[PDB]
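The form deposited without L-ornithine is given below as one chain in structure tokens.
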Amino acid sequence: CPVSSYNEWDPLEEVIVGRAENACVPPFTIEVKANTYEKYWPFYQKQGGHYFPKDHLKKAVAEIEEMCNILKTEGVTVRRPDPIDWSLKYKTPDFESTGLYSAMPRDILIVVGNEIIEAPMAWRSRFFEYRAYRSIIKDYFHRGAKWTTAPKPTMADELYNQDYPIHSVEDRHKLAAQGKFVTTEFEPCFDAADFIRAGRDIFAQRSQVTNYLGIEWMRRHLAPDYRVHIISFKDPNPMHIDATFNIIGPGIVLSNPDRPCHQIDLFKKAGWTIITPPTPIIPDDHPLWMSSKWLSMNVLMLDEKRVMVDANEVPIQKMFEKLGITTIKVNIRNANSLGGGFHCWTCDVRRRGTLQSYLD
């Protein structure tokens, strides 16, 4: 079986790396608005449906090709999704929309053991995103891997709170604190990136795109072998957990200083080392259409002592170095604009290791 990964750190052998080609600006609908900084709302309002700036995409393609070269150098087998034009307008009986991209495999695929799981997603523009990854998945399936697709939502109006009172990121943080998100509990929905793996224990956060029904589905589907825990944070990211609580080793986690975890004591009690990374140094003028500046901690571990970290972020590089972790510096400053760092731009398919508990 070519598929086999129980955590985020065991020696990496095979990975799927995303594509920047033909990425499209999603139409400005409520769920897009609730997952982006106000600074860019007018960009979405105007550019929605068109491709992301092509000169910018071109630099990202180059950055990602180099990253793939380095992965091969580091002994990792790299697979890439199929090229697709994401501008095609599709129409289900519930809605009509254009696509986004297949830049982030971590948003849609999660590997638990020998099982590859396709997340349902929660954005109308990401409904048919799975199409880019099917060739790779069918191959793993032919070769023995288990293949699962969580229930694809209808994404009917009922899934969204069309009147979500958000006018600034400050409002959303407040609502998020009151348990109010743009997604209702009408049906299961979630992005795989809201889940982070540590062997028998998987951690999830209810976010703007991952509801409790979505987490319960995962929980029910993986029990009894795996345990899915729900954790929360202060001023959380609207979507995705990997630049907020990145588990980098057995009992070691990077905790974003701006998004403290409410359940941090569960981890201190388990004897876990909580490391808080230094601040990012990325220029405020550099466009980050999605995500925040914290992509610096969105690292990918090649193994426990080897991390792929952004070439520009010297301060977090030094941190890893004083920790005895070898830094493989790669520059993906332009790829970052699409919404992700090393962890998001990949999906670890096979890591050499076994299923263990680290929470004891």
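Quick note: we count residues from 1 along the sequence shown, nothing fancier. C-alpha atoms forming the largest set that superposes within 1.5 Å between two forms make up the rigid core.
Student: Quick check: by Cα RMS after rigid core superposition, does 292-300 or 34-42 differ more from this form in 7 other deposited structures of this protein?
Tutor: Stretch with the larger root mean square C-alpha distance in 7 other deposited structures of this protein: 34-42.
Student: Which is farther from the shown form in 7 other deposited structures of this protein in C-alpha RMS with the core fitted, 227-235 or 169-177?
Tutor: Stretch with the higher C-alpha RMS distance in 7 other deposited structures of this protein: 169-177.
Student: Look up the CA B-factors in the entry and say which stretch, 300-308 or 36-44, has the higher mean.
Tutor: On average, C-alpha B-factors are higher across 36-44.
Student: Quick check on the record: does 314-322 or 47-55 carry the larger mean Cα temperature factor?
Tutor: The deposited B-factors put 47-55 ahead on the C-alpha mean.
Student: From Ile166, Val228, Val78, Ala122, can you pick the one with the highest C-alpha B factor in the entry?
Tutor: Comparing C-alpha B-factors across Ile166, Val228, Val78, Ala122, the maximum falls on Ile166.
Student: Choose from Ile137, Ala177, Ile110, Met104 the residue with the greatest Cα B-factor as stated in the PDB record.
Tutor: Answer, based on the entry's C-alpha B-factors: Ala177.
Student: Taking the values exactly as deposited, rank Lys152 by C-alpha B-factor within its chain and report the matching third: lowest, middle or highest.
Tutor: Answer is lowest: the recorded C-alpha B-factor places it there.
Student: According to the PDB entry, is the CA B factor of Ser337 in the bottom, middle or top third of its chain, that is, lowest, middle or highest?
Tutor: Middle third.
Student: Report the third (lowest, middle or highest) to which the CA temperature factor of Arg219 belongs, ranking only the modelled residues of the same chain.
Tutor: Middle third - that is where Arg219 ends up once the chain's C-alpha B-factors are sorted.
Student: Using the B-factors in the PDB entry, rank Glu118's C-alpha atom against the chain and give the third, lowest, middle or highest.
Tutor: Lowest third of the chain for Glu118's C-alpha B-factor.
Student: According to the PDB entry, is the CA B factor of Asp265 in the bottom, middle or top third of its chain, that is, lowest, middle or highest?
Tutor: Highest third.
As for the form solved in complex with L-ornithine, it is not shown, yet the points below apply to it.
Student: Given that L-ornithine is left out here, which of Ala243, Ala176, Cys261, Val111 has a heavy atom within 4.5 Å of it in the deposited bound form?
Tutor: By the 4.5 Å criterion, the partner-contacting residue is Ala243.
Student: Quick one: of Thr29, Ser292, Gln317, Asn334, which gets a non-hydrogen atom within 4.5 angstroms of L-ornithine in the deposited bound form?
Tutor: Answer to the contact question: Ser292.
Student: So which stretch, 90-98, 234-242, 262-270, 140-148, is the one near L-ornithine in the deposited bound form (non-hydrogen atoms, 4.5 Å)?
Tutor: Of the stretches listed, the one contacting the partner is 234-242.
Student: Look up in the deposited bound form whether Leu12 has a non-hydrogen atom within 4.5 angstroms of L-ornithine, and give yes or no.
Tutor: Although L-ornithine is absent here, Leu12 would stay clear of it in the deposited bound form, with no heavy atoms inside 4.5 Å.
Student: Even though L-ornithine is not shown here, does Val349 get within 4.5 Å of it in the deposited bound form, heavy atoms only?
Tutor: No - in the deposited bound form, heavy atoms of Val349 and L-ornithine never come within 4.5 Å of each other.
Student: Does any heavy atom of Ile16 come within 4.5 Å of a heavy atom of L-ornithine in the deposited bound form?
Tutor: Answer no; every heavy atom of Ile16 is more than 4.5 Å from L-ornithine in the deposited bound form.
Student: If you check in the deposited bound form, is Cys344 within 4.5 Å of L-ornithine, heavy atoms only?
Tutor: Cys344: yes, in contact with L-ornithine in the deposited bound form.
Student: In the deposited bound form, which residues of 268-289 put a heavy atom within 4.5 Å of L-ornithine?
Tutor: Residues within 4.5 Å: none.
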